[PDB]
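Report on the structure given below.
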Amino acid sequence: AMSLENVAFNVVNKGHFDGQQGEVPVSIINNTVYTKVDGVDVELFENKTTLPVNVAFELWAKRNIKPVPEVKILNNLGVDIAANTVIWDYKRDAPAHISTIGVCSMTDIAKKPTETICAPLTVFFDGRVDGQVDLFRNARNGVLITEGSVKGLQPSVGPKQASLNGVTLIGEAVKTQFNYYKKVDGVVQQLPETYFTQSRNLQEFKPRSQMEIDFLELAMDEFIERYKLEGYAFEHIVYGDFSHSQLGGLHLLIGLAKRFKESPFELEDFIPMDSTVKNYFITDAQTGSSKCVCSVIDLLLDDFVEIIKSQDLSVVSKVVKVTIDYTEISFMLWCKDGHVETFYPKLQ
Amino acid sequence: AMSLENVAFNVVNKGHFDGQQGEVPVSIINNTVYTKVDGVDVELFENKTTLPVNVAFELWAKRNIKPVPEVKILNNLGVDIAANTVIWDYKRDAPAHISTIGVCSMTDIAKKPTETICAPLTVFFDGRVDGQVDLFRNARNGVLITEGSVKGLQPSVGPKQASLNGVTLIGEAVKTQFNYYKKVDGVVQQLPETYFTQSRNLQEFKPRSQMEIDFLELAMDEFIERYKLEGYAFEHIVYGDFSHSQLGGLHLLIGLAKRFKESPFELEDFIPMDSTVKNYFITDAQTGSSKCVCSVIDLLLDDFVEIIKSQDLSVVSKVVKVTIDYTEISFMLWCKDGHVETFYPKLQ
Amino acid sequence: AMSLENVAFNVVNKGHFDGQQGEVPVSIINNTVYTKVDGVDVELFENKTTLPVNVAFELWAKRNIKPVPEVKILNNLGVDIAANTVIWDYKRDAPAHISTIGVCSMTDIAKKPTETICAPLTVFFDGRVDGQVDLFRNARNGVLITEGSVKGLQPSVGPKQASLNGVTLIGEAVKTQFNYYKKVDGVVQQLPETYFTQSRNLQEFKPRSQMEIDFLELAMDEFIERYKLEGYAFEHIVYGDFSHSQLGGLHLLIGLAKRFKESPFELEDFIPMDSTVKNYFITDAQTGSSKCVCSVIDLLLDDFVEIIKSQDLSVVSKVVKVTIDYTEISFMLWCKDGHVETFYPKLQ
Amino acid sequence: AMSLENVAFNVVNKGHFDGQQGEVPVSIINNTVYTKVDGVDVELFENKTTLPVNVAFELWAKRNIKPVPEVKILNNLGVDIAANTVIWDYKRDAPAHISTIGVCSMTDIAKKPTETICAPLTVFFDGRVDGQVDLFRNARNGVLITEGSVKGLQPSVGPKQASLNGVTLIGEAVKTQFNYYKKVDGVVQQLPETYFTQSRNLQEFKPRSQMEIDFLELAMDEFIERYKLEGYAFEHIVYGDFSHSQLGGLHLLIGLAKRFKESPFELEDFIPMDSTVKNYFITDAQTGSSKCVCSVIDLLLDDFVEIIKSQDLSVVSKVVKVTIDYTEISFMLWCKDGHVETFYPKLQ
Amino acid sequence: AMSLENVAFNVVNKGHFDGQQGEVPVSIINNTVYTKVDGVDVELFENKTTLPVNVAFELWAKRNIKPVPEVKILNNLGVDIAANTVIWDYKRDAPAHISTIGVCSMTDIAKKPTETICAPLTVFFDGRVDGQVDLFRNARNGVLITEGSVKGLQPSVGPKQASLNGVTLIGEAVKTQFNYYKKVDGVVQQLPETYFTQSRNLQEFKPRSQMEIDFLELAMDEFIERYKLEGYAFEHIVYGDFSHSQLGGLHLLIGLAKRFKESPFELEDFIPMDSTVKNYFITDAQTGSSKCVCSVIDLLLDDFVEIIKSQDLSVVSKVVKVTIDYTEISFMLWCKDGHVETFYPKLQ
């Protein structure tokens, strides 16, 4: 019994779509959904998607309000569609997937993920919903998340953090660390050994290790001494070189966060989307040092130190592949006389 | 149980809103309403109104599909709103009235015309719908149409023609001639004795009298001779003077229709709406004779001859007030030596 | 080397996309594509589709300019996508199919119809293009058109008419009659024995048989006498009953065309798309007789006479399934005392 | 002498509409009003309303720039329209009322509030403008604000705060505390005894009592001890329970402000408008505790303590009505064994 | 004292901008200008231009309503801007020139054509307006039209036809044949000896010579015999070859008009603008013969016969430059054994 007026009633009264009966008067003007509240129009939704305004409104109302995997993880695992839910991409202000299964009549390719149209697609299954672990078992392609153990299936421990209504957090009142399972052409995959990005903000950056606490509190030369990082170019890669017109290094989010406490800078997110590696056009406000494409990754400083210290420093230029968020991230490693010159997530 | 998807289901399956249950998938993109038919979007409605697209769609679906009074009559009678129906203005491609009573939740000022908000508005009542003659009796202001007599109420015989789905016609299978009643401040008002405009097109103009048949067949001089119209300036007023840069006269639709059979002309409808008198920026294609504001009225030629022959031709300039479509239309009558020079529907 | 400026250069210089090199300055304002010609913007395309303006522009430029099957035939045969071409739907002013194969980077689901994503879709193949008969042989699902025989494949002779740039015609300088082939799940399907709709207009209707010439010339009673159609309700079904408020019958396009020569009527195409059976909200201008859903089919009068004369007239109400344009069209046959009362393409 | 170019001249030169003569060149592109300043377009106004761009621009230019009652007060008092001013709703970025009286030709229902169309509407009168106290005296329905005493009328002391150009403040250089008067059908109303919401922000929250200073400085168990609030569920209602997946309580703005100093949270304002009680979809970033509909009221903690301590705690579930901002606010009071379990502003 | 409300008042009351004082309430919604007429919005203008809606509305209201040169002539003469008028392009529904001089504050580059910014632009001057012949004399660049002689200036007799409000006509009540003058870099230029295109429609085509009357009446073979056109390929060039998939010839409008009387065809105007030579994607409905780029010129058949009979037929391929509408139109002349094979307005 789906309608625009019922989706709007649910938004107004329940904060989101909750399957409740009722209708509120709605008006659609351009890309905005309004509702009449005491004779005046109140904005309910501004469409930032490439879908029709009323269709995007319904998918946003029908979004998953439980902690879900971050869109970058789902993309890295090859998820095409979700089973009977909408994973809302809060970085793009749009649905994470083109089509739905049992969600919205306009976007639905099927009502149940058992339909033969879903067989070639990697369907996302949520073990927290009844029957979805069995639906994954029967599906040809899919990704499954669970809070606990699945009989006979070997798990992949995912990241500590998940997205709850666009807030990335490590849950204390809710579980955010999931077990991951993947099936390709009916065969359960052995998910690779992986590092995870920490998904922190520059504004509210918090250290998650004694090494990260020491990076933010110590001076550059004290930290590099304490952690035996001489010859690993942390001055360039992590701290950043602001002495020339082209900003040197600055590829770790912790280094950007440290810089941010002292002086501000403009980070232009020219491709605004969730990804393991982010690219910014950075302009340092203090010096005027800038870089059009400054690739930034948020790895735990210990994990980045482990990666850089596990590389052969005998070649001038070399690609270093690292599994991060289940995807293969290529890095460019540049050395001279057995010491690191630069190390950065490889641009195109 | 009103919804956008239900209004669209009714349009698709019933040709208009018919109160049927069901929903079709709808998408709204800009000012157009689409529906998915076999995987592709099919346009159902293009909003040409100043109302939100979904609101205008519902009012158009909920339009009156019975022969109704032409919008010019309703306007001339001071109608502000209709009771539990939508009079669709096909000349403006929009609802004839801003608000509704018991039609659409967005535009509704009341559910029943008995609500105190309707008391100061001239509500249109349709005696063909049960209980509407009683609602007119209780209404402080209103206009009533009926197919027969209402005990005690003195009728006004309206025009022969009515509008059925945008087609103005004199009904043969349906009744289009109504009795008119009006109330101002609780008091039934006597509607004036009036002429009616014939509501004809220039393209499909058909004569409705032997005088009109003779105007279209006889040459200018033999028609003026046959009907004793010498000294009444029909050469200027009805036939039109195309000899100078400013187009002379041409204020009767029959004269424009006669001209149209010999040579074409541009009629620019700069205020596109239904009205007793229409204004056009006319450009004669043959001669290049033009007039920015050429007021045109479609009176039966006999009725126009009666009006012009009932005037005193002894004054140079005089306003002549004639009741047409229940409204007083001022004409400007210009005479010299007891003969008409010009007679035209008075501008501004 | 695809670009908006190159697609626009091809439109301006070649009349459509022709793979020519070059660029013209383009501006996009709202849903319109303009080009600068001597300092002023000239409109190249108005987007009437639900796709982005630049994407719809490219698909329209890349439209098939050879005589192609009419969209109603393709839909009736279950075509989902075309192989390396765009079938443009001139009734909807939009692409006939959502996605493309090797046409446009934005709409492409594949570059070649051999990609596993195309396997479950009924791909349209054109035997007039090199390698497409082979691609049909390899396709899991598909519809093939050819100008001659394909060794081993049993053909279905299609309609005489095809669509060349939106003009439906029976080709004299070009071939418009194709052989049809269909495959469902790797298996070549036998297309049914079918009648074809004639695809004529009400305005430019031309008779295609001596029976059709006699329907338009002879009066109702002498046509029914000459062709022994007494008791088959042609007075109601084909000629139409305009005596009551609800318009009776009028389900054959030839009957509407005959009526159109005497007096005009409004046909409201509330679902504007190509289909075997069309639904119109009809208002007869002469009488005021109207019908919200008047289903109209354009069959050759001989074919309609054959269908109605091949029915058992001994039951009060019965569904009659007739294959027209490869699809099964249900009719409702109503009889009384061994005579037809009504016969109409069954609604909903 | 009202024009778009004159309204724009006033905005550019006076900061708002000031009745000054002059014109600036204006361009309208979609929902934005621009002005040419030295050959380039400078944005003057982005329309966030459901009114036409030029009409909304004029109403915003003609907004009241004196401290006015907050829109939530006006709505609670039943104000329909303002007399010869525009109360701009800065929460909705739109006019607070549909129509105007003597403001804008497009929205005006009358030029003077003495017109019979205004008689049934509750017109807002400002005693600070000459003759408005007399206009209220003569009006059938209305709300009057004054800075001082009105002869013969008994006042209602309103809130300390008013809105000056969207900034809610307790005036020091201007008077923001008004006397309120209301008339219904010619009869001056006895306005009810009421509490007022404090209209504070979460970001710039400031305590307005020693109890509020102690709530923010003391620990939970110290405050509940000092103010004898044991058994009143302040731990749940005011402090908030973040231990479970559903966020417990958190219905007072002071409690949200206290939480905000320690850790951040997402408050989703799904119905963005001014109201006595606000509803937010809250997600606690630290714990992942969330609630789709968390009703929040900003009462002075002393006023909330007075309300909760004046309730009978002997029933399991009970509705408690409290007059806040002249409106009746229903609360849900849940008790067990003579102690409060929860107390919250009642959702639908 | 220019305003949107005053431009709209002039449109409503005068049919166009007439410098009259007054204002009407206006609303702008998207690309449409509306006015309130008795409580409802009536559309005044739909913007089809790339200028802001209110700016395009003012330029259309301020359009030249006197017979003016056709836009193709102005373009061929290199006109960039008009002096104190707007030449409205009715083929593009937009101003013919980007900027104005003394017309609209938004588009104005100057108030008087004597401003140094106008010196490098070819300004159009109208000798029918006081002081414009003098402004042409002082102009560095310009085109002047006059109804009579200008002392000392050698005239160019222009075409018989001009455009009066979008209607191209040879004036009888107005003068449409002008004297043309041009200045490049202060120097009066001698305009070439030229043919003129006749500016006729396919629908309302009328012959303008005994040769043109004979082309439309006589069969192909007897016209070619009567006018001694054997060996000049009129069968291909003028009559058109519809026997093959590619439509042969058909480059003269009279030939298209003759064809149009027997059977219809689609002419796709892919570059919709006024030009000496027009390009159409033509599809013959009868045969299915088509051509993506069919260049069509409307020359008087006598003028085309004179051009083709004045060519040397001894070379296989040759470019023939003919002056038409003051511009040099290149034709491609193809011969074999002393006879014409084809002659067409040379593409790209």
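Protein sequence lines, in the order shown, are assigned to chains A, B, C, D and E.
Residues 4 to 351, numbered by the working numbering, are exactly what the first sequence covers, in order.
Residues 4 to 351, numbered by the working numbering, are exactly what the second sequence covers, in order.
Residues 4 to 351, numbered by the working numbering, are exactly what the third sequence covers, in order.
Residues 4 to 351, numbered by the working numbering, are exactly what the fourth sequence covers, in order.
Residues 4 to 351, numbered by the working numbering, are exactly what the fifth sequence covers, in order.
Using N, Cα and C, we set each Cβ at its ideal position, and we do this for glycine too.
Through-space distance from residue j to residue i, alpha-carbon basis
i      : j      : result
D/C297 : D/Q249 : 10 Å
D/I120 : B/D188 : 14 Å
B/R211 : B/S313 : 22 Å
D/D287 : D/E269 : 7 Å
B/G25  : C/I76  : 28 Å
B/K264 : B/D217 : 15 Å
B/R203 : B/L256 : 8 Å
B/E61  : B/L7   : 7 Å
A/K115 : E/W63  : 57 Å
E/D96  : E/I327 : 25 Å
D/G18  : A/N57  : 37 Å
A/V136 : D/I240 : 38 Å
Test: residue i CB closer than 8 Å to a CB of chain A
i     : result
C/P98 : no
Collapsed DSSP secondary structure at residue i in the structure displayed
i      : result
C/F127 : strand
E/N13  : helix
C/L259 : helix
C/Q213 : helix
D/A122 : coil
CB contact below 8 Å: residue i versus chain E
i      : result
D/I104 : no
C/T179 : yes
Cutoff 8 Å: residue i Cβ touching any chain D Cβ
i      : result
B/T117 : no
Beta carbon proximity, residue i to chain C, threshold 8 Å
i                      : result
B/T149                 : no
A/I101                 : no
residue 355 of chain A : In the structure as shown, chain A begins at 4 and stops at 351. Residue 355 of chain A is therefore absent and cannot be evaluated.
B/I68                  : yes
Contact check, residue i vs residue j, beta carbons under 8 Å
i      : j      : result
B/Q351 : E/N33  : no
C/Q180 : C/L302 : no
B/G169 : B/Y283 : no
E/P70  : B/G291 : yes
D/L259 : D/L205 : yes
beta-carbon residue i near the ligand GDP non-hydrogen atom, thresh 7 Å
i      : result
A/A288 : The ligand GDP is absent from the structure shown, which contains no ligands of any kind.
Short CB-CB distance (under 8 Å) between residue i and chain B
i      : result
E/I76  : no
E/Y242 : no
D/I84  : no
Under 8 Å: do the segment 78–85 of chain C and the segment 147–159 of chain C share three or more Cβ pairs, one atom per stretch? no
With contact counted as at least three CB pairs below 8 Å, one residue from each stretch, are the segment 310–324 of chain A and the segment 40–56 of chain B in contact? no
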